[PDB]
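A short write-up of the structure that comes next.
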Amino acid sequence: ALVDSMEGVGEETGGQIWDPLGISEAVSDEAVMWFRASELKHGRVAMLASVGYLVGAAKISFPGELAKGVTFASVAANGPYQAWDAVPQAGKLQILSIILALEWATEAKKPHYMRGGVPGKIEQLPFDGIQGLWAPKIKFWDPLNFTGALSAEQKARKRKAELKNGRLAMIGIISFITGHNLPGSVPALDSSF
Amino acid sequence: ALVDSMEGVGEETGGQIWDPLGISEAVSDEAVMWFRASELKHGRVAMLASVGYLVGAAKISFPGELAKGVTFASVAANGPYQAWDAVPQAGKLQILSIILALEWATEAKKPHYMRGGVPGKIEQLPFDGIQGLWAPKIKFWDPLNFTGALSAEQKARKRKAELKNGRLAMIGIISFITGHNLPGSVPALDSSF
Amino acid sequence: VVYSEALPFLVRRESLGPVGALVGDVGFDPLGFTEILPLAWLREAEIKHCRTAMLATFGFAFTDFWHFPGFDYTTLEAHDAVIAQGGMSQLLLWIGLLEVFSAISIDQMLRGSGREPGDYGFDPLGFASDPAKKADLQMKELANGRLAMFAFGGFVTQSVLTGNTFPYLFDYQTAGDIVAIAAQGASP
Amino acid sequence: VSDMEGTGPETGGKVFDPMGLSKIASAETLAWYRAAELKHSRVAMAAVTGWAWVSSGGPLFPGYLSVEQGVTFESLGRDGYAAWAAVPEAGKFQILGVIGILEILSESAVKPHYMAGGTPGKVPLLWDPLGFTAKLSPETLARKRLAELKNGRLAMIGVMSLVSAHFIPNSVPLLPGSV
Amino acid sequence: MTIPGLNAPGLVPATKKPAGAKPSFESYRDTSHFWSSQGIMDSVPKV
Ligand SMILES: CC(=O)O[C@H]1CC(C)(C)C(=C=C/C(C)=C/C=C/C(C)=C/C=C/C=C(C)/C=C/C=C(\C)C(=O)C[C@@]23O[C@]2(C)C[C@@H](O)CC3(C)C)[C@](C)(O)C1
Ligand code: KC2
Ligand code: KC2
Ligand SMILES: CC1=C(C#C/C(C)=C/C=C/C(C)=C/C=C/C=C(C)/C=C/C=C(C)/C=C/[C@@]23O[C@]2(C)C[C@@H](O)CC3(C)C)C(C)(C)C[C@H](O)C1
């Protein structure tokens, strides 16, 4: 809700709300909740993207065919950046369709992160309680229920770890994209990237 | 709810109603009666069609002639799919006319199923009670009264079996037709049918 | 002070009626047609357009795939072809009988018979017979039909613009990559 | 995890979980682990038995597999991977689809779900149609469930030995280099 | 005649072209019933 009560203040920025600009002071409370939800979304997206980009650069690909006549090796041979274009249109159409479904379902839950919901706490079972739609009760987060064996303090510590890993992941994925676009912008990125 | 007091619930979906999309929850009870009546009619028509299509696929036919020029074997020669097209026109018209008579007489019963009567319980004598119309009283279902020998619980179990078999045949006949249309869509069907 | 729930910077009008006499009242009426025309007439027109647009978009999509043996025309030229054949005359005749009866009902409803805006009483299968579900099903009808108007408009316009059968999408959208990230040139 | 069965004298009465994957497992996670173990064990038992029968020299299926297209059980050969390559794609799709239907029936039809407080590995139809394991007491039934787990764990290692011998040649001893 | 279902198929698949470039605006405006001279002259009743 309010930045004083929110997590994320780390040690890297001195046990203090790191807001160099006056954004938190200038904006209202629900704007802060929107920012926190977007921060978590960015961190999680960038974590997945960074791991996938590293895998693509390492050329590790599943044994089989992405499509009939199109092998995972075939799409991965040119590089990580070009693999997305090499993917057939229907596959990423399906990916963006399921992402549309996930985003719309997570946004449709009524205790909204802006309107009295925990920001960043995506509702598990997002496709549940929806008329005209049935999906198996596979939780979006932790389908195996890994977090059940954690205490509240441990869960808070791991939420802090989530935030501090997500910020690094945003930095890393933008580093990968910038290095590929403008060579030499990001060193430690060889020709494979 | 009328949906909570039927025989179609089966252990294959647990001990619970199979309404994934809440269609039965989004309609009034009259539509639920219509749904059960149409479900059972579809199931029964489907199993008639399924066994008939298997018989046609096996090239099994009566000894004799379906007309004065065509033979049963001749009209069955091409296969089950084109058999209906190769049937003579007058025979198709006669089948459609007798089906018209059946589905008019069964509809014209005043207890009905939409308006306060058992859905799926076709009146055993559709053409009785019709003024100035005579029928030989061959009761439509159980003309030789098999179900009379059964107890109430026995025929309840057999009604559950009817619903299960009708749904399975609903799947099966369309599997046959779809396998004929798209080759390899249903791999269990050889090129014969 | 009641503000329109669709445009919270405008006051409700007045001619829209009590907030909620009509399913879907989100107060969306920036141009104030309710002052000129009566709301019952406007709502009858709304539901007629909804139903016709639903049937039209479904028929357009269906005719893009399947047609009867006699009619060997595409969806665009079907109108001219079946006017020449004479079927559209039959559709006009029968829909005109139905529409004369409908117009008599609108006249009675506006003069104060008691009929609701678009309640023809058509309910054979018994959907919405329970009053609890009736308002929700009216709202769903309106939502689906108001979507269907835009659906049919997009269908026809994109169909003529592209020349493609079902998707109404250009050849570059259908064949090429609409999710590309490598730098594009001048043309799609 | 200590009260979940599968422990035996082979571990020493204790749970074998060196990496500590049981510490981070809740009741649902532990149920998932047992369900996956049971499924993998059963699959590996069937796979090892089939591969051993086919490759060893046992009397395989008589007759044709496909009258049209001219594929025969004898013609498919005794190498397991070559046989699964030469079996028709229709047959492969059919086997996979029936297994999928059975998986979805196991997931949905068993309403008290193994994740949502149920018995892991309780596929209802595909067990004992003739009623053999019907009168066994709970003690011997628990003994036999532990037997299932142990035998299938061995079977998983066996089938992985087989595919390792086929992929990385001359990998496992007591498996000729070809497969 | 062709009774649909009795002596002929029921629903028949339609003939379609596999994609194509955008027709020019003047290609269909010059044939449209409202923005073409011949289209307007043909957009009349018949008897
Ligand atoms: C030195 C070296 O490297 O060696 C190599 C070579 C070597 C050793 C060969 C290797 C291997 C592979 C091995 C050893 C693989 C082992 C595989 C294994 C262990 C496979 C079990 C199948 C069980 C089944 C199908 C049981 C069904 C049983 C059924 C259907 C029943 O239980 C039914 C029933 O009983 C009940 C429950 C109740 C009772 O009333 C009776 C009945 C009948 C009704 C390795 C790993 O490569 C190492
Ligand atoms: C976000 C993840 C995701 C999900 C949840 C998901 C679910 C389902 C389901 C639901 C149960 C079905 C039934 C289904 C079916 C097919 N998927 Mg699919 N899919 C996902 C991702 C991708 C990607 C990236 C590709 C892809 C493809 C195919 C092809 C291949 C056809 C072909 O061989 O041409 C078929 C038949 C590939 C493709 O379309 O290639 C042209 C391809 O690249 N999918 N997919
Ligand atoms: C269940 C449905 C059904 C019923 C209840 C029913 C009843 C009666 C009755 C009593 C009420 C009479 C008196 C009668 C008479 C004839 N039926 Mg008929 N019939 C049914 C079905 C078919 C089919 C499928 C065909 C057919 C035919 C003929 C021919 C052959 C003429 C010929 O030799 O050409 C004659 C004379 C065939 C046909 O139309 O042939 C052109 C043909 O294929 N019927 N049919
Ligand atoms: C619901 C509603 C409304 C509406 C509506 C709408 C738009 C309804 C539309 C209905 C529609 C579109 C219904 C088509 C039927 C087609 C038939 C029966 C075809 C016969 C075809 C026959 C008999 C024959 C065809 C042939 O090819 C055959 C087989 C052989 C060939 O030799 C040649 C011929 C030509 C002979 C209102 C009234 C507007 C307002 C109200 O508020 C809400």
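Labeling convention for the structure tokens: chains A, B, ... as they appear, residues from 1 per chain, ligands from 1 in order of appearance.
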10 Å from ligand 4 is the threshold here; counting only C-alpha atoms and all ligand atoms, which polymer residues fall inside it? Answer as an mmCIF file with C-alpha atoms, in the first residue's frame.
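Below is the file that was written, pocket22.cif:
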data_model
loop_
_atom_site.group_PDB
_atom_site.id
_atom_site.type_symbol
_atom_site.label_atom_id
_atom_site.label_comp_id
_atom_site.auth_asym_id
_atom_site.auth_seq_id
_atom_site.Cartn_x
_atom_site.Cartn_y
_atom_site.Cartn_z
ATOM 1 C CA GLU C 44 -36.442 -1.790 -29.315
ATOM 2 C CA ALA C 45 -34.154 -0.588 -32.103
ATOM 3 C CA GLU C 46 -31.148 -1.630 -30.008
ATOM 4 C CA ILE C 47 -32.288 -5.165 -29.507
ATOM 5 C CA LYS C 48 -33.379 -5.491 -33.178
ATOM 6 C CA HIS C 49 -29.928 -4.347 -34.301
ATOM 7 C CA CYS C 50 -28.281 -6.683 -31.785
ATOM 8 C CA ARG C 51 -30.184 -9.742 -32.998
ATOM 9 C CA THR C 52 -29.780 -8.929 -36.692
ATOM 10 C CA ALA C 53 -26.051 -8.263 -36.264
ATOM 11 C CA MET C 54 -25.616 -11.571 -34.422
ATOM 12 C CA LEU C 55 -27.331 -13.518 -37.189
ATOM 13 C CA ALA C 56 -25.454 -11.533 -39.842
ATOM 14 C CA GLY C 59 -24.070 -16.120 -41.427
ATOM 15 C CA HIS C 67 -22.977 -23.166 -48.833
ATOM 16 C CA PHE C 68 -25.921 -25.168 -50.104
ATOM 17 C CA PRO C 69 -25.603 -27.096 -53.398
ATOM 18 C CA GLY C 70 -27.756 -24.658 -55.362
ATOM 19 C CA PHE C 71 -25.983 -21.470 -54.254
ATOM 20 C CA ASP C 72 -22.422 -21.595 -55.638
ATOM 21 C CA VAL C 82 -29.559 -14.506 -54.931
ATOM 22 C CA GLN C 85 -32.141 -15.924 -58.457
ATOM 23 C CA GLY C 86 -35.036 -14.622 -56.330
ATOM 24 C CA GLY C 87 -34.273 -15.927 -52.830
ATOM 25 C CA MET C 88 -33.652 -12.502 -51.312
ATOM 26 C CA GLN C 90 -38.482 -14.427 -50.365
ATOM 27 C CA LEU C 91 -36.421 -13.345 -47.351
ATOM 28 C CA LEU C 92 -37.676 -9.779 -47.754
ATOM 29 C CA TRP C 94 -41.213 -13.155 -44.901
ATOM 30 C CA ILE C 95 -39.096 -10.791 -42.797
ATOM 31 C CA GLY C 96 -41.506 -8.059 -43.889
ATOM 32 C CA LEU C 97 -44.502 -9.997 -42.608
ATOM 33 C CA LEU C 98 -42.641 -10.488 -39.330
ATOM 34 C CA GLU C 99 -41.647 -6.814 -39.319
ATOM 35 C CA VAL C 100 -45.212 -5.607 -39.918
ATOM 36 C CA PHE C 101 -46.292 -7.611 -36.875
ATOM 37 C CA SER C 102 -43.286 -6.245 -34.989
ATOM 38 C CA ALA C 103 -44.167 -2.659 -35.959
ATOM 39 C CA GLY C 118 -37.949 -5.922 -27.118
ATOM 40 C CA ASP C 119 -39.959 -8.610 -25.315
ATOM 41 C CA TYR C 120 -41.611 -10.601 -28.094
ATOM 42 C CA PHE C 122 -39.959 -15.817 -27.746
ATOM 43 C CA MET E 1 -34.036 -30.224 -58.642
ATOM 44 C CA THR E 2 -31.327 -30.705 -56.006
ATOM 45 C CA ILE E 3 -33.131 -31.266 -52.724
ATOM 46 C CA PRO E 4 -30.361 -30.446 -50.186
ATOM 47 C CA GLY E 5 -29.828 -33.704 -48.293
ATOM 48 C CA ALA E 8 -27.446 -34.089 -53.130
ATOM 49 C CA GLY E 10 -26.184 -30.962 -47.523
#
Residues of chain B no more than 10 Å from chain C, counting only C-alpha atoms: send them over as a ChimeraX atom specification.
-> /B:25-35,114-115
Saved selection, atoms kept: C-alpha atoms, as a tab-separated table (two decimals), in the first residue's frame:
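Okay, this is what ended up in again_36.tsv:
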chain	number	residue	atom	x	y	z
B	25	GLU	CA	-26.41	-23.42	-13.98
B	26	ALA	CA	-27.07	-20.55	-16.44
B	27	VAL	CA	-30.50	-21.84	-17.56
B	28	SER	CA	-33.91	-22.34	-15.97
B	29	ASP	CA	-35.35	-25.76	-15.20
B	30	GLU	CA	-37.46	-26.00	-18.37
B	31	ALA	CA	-34.32	-25.80	-20.49
B	32	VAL	CA	-32.81	-28.53	-18.30
B	33	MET	CA	-35.76	-30.81	-19.14
B	34	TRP	CA	-35.26	-29.97	-22.82
B	35	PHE	CA	-31.55	-30.71	-22.44
B	114	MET	CA	-40.84	-29.35	-21.06
B	115	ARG	CA	-44.23	-28.80	-19.38
May I ask you to write as number ranges by chain all residues lying at most 10 Å from ligand 1, with only C-alpha atoms and all ligand atoms counted?
-> D: 41-50, 52, 127-136, 140-141, 144-145, 147-165, 171-175
Hey, list the chain A side of the contact with chain B: 8 Å cut-off, only C-alpha atoms, answer as a PyMOL selection string.
-> chain A and resi 131-134
For ligand 3, collect every residue having any atom at a distance of at most 7 Å from a ligand atom (counting only C-alpha atoms and all ligand atoms); output as a PDB file with N, CA, C and O atoms, in the first residue's frame.
ATOM      1  N   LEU B  66     -32.913 -53.728 -52.204  1.00  0.00           N
ATOM      2  CA  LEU B  66     -33.508 -52.532 -51.623  1.00  0.00           C
ATOM      3  C   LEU B  66     -34.473 -51.837 -52.576  1.00  0.00           C
ATOM      4  O   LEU B  66     -35.237 -50.974 -52.138  1.00  0.00           O
ATOM      5  N   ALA B  67     -34.461 -52.190 -53.856  1.00  0.00           N
ATOM      6  CA  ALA B  67     -35.438 -51.705 -54.823  1.00  0.00           C
ATOM      7  C   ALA B  67     -35.650 -52.827 -55.835  1.00  0.00           C
ATOM      8  O   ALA B  67     -35.342 -53.990 -55.551  1.00  0.00           O
ATOM      9  N   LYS B  68     -36.196 -52.494 -57.003  1.00  0.00           N
ATOM     10  CA  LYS B  68     -36.382 -53.467 -58.071  1.00  0.00           C
ATOM     11  C   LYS B  68     -35.169 -53.568 -58.992  1.00  0.00           C
ATOM     12  O   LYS B  68     -35.065 -54.537 -59.753  1.00  0.00           O
ATOM     13  N   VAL B  87     -28.717 -44.834 -51.793  1.00  0.00           N
ATOM     14  CA  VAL B  87     -30.068 -45.341 -51.514  1.00  0.00           C
ATOM     15  C   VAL B  87     -31.053 -44.677 -52.476  1.00  0.00           C
ATOM     16  O   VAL B  87     -30.849 -43.503 -52.847  1.00  0.00           O
ATOM     17  N   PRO B  88     -32.110 -45.355 -52.938  1.00  0.00           N
ATOM     18  CA  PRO B  88     -33.084 -44.675 -53.802  1.00  0.00           C
ATOM     19  C   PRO B  88     -33.835 -43.569 -53.073  1.00  0.00           C
ATOM     20  O   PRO B  88     -34.006 -43.602 -51.853  1.00  0.00           O
ATOM     21  N   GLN B  89     -34.296 -42.587 -53.852  1.00  0.00           N
ATOM     22  CA  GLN B  89     -34.927 -41.397 -53.283  1.00  0.00           C
ATOM     23  C   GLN B  89     -36.187 -41.742 -52.499  1.00  0.00           C
ATOM     24  O   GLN B  89     -36.416 -41.197 -51.410  1.00  0.00           O
ATOM     25  N   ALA B  90     -37.030 -42.621 -53.045  1.00  0.00           N
ATOM     26  CA  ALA B  90     -38.300 -42.924 -52.393  1.00  0.00           C
ATOM     27  C   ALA B  90     -38.080 -43.566 -51.030  1.00  0.00           C
ATOM     28  O   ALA B  90     -38.833 -43.307 -50.086  1.00  0.00           O
ATOM     29  N   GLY B  91     -37.048 -44.400 -50.906  1.00  0.00           N
ATOM     30  CA  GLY B  91     -36.744 -44.984 -49.611  1.00  0.00           C
ATOM     31  C   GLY B  91     -36.312 -43.950 -48.591  1.00  0.00           C
ATOM     32  O   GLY B  91     -36.701 -44.015 -47.421  1.00  0.00           O
ATOM     33  N   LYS B  92     -35.486 -42.991 -49.015  1.00  0.00           N
ATOM     34  CA  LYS B  92     -35.091 -41.912 -48.119  1.00  0.00           C
ATOM     35  C   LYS B  92     -36.311 -41.118 -47.674  1.00  0.00           C
ATOM     36  O   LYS B  92     -36.466 -40.800 -46.489  1.00  0.00           O
ATOM     37  N   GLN B  94     -39.342 -42.200 -47.471  1.00  0.00           N
ATOM     38  CA  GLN B  94     -40.159 -43.010 -46.574  1.00  0.00           C
ATOM     39  C   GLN B  94     -39.566 -43.059 -45.170  1.00  0.00           C
ATOM     40  O   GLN B  94     -40.304 -42.979 -44.177  1.00  0.00           O
ATOM     41  N   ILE B  95     -38.239 -43.184 -45.064  1.00  0.00           N
ATOM     42  CA  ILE B  95     -37.596 -43.130 -43.751  1.00  0.00           C
ATOM     43  C   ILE B  95     -37.862 -41.784 -43.093  1.00  0.00           C
ATOM     44  O   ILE B  95     -38.162 -41.702 -41.894  1.00  0.00           O
ATOM     45  N   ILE B  98     -41.583 -41.604 -41.905  1.00  0.00           N
ATOM     46  CA  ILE B  98     -41.878 -42.361 -40.690  1.00  0.00           C
ATOM     47  C   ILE B  98     -41.207 -41.713 -39.481  1.00  0.00           C
ATOM     48  O   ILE B  98     -41.781 -41.686 -38.384  1.00  0.00           O
TER      49      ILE B  98
END
Surrounding residues of segment 159-172 of chain A excluding itself and chain neighbours under 2 positions, 6 Å, only C-alpha atoms, as a ChimeraX atom specification = /A:8,43-44,46-47,156-157,174-175
Which chain B residues are at most 8 Å from chain D (counting only C-alpha atoms), as a list in words?
->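 Contact residues on the first chain: residues 11, 12, 13, 14, 15, 184, 187 and 188 of chain B.
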Contact set, chain E to chain C: 7 Å, only C-alpha atoms, as a ChimeraX atom specification = /E:4,9-14,16,19-23
Hey, what does DSSP flag as helix (DSSP H, G or I) within segment 68-180 of chain C? Can you give it to me as an MDAnalysis selection string?
-> chainID C and resid 78:85 87:111 131:162 171:175
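Between residue 34 of chain C and the candidates C:79, C:117, C:13, C:18, the tightest atom-to-atom separation, counting only C-alpha atoms, involves C:13.
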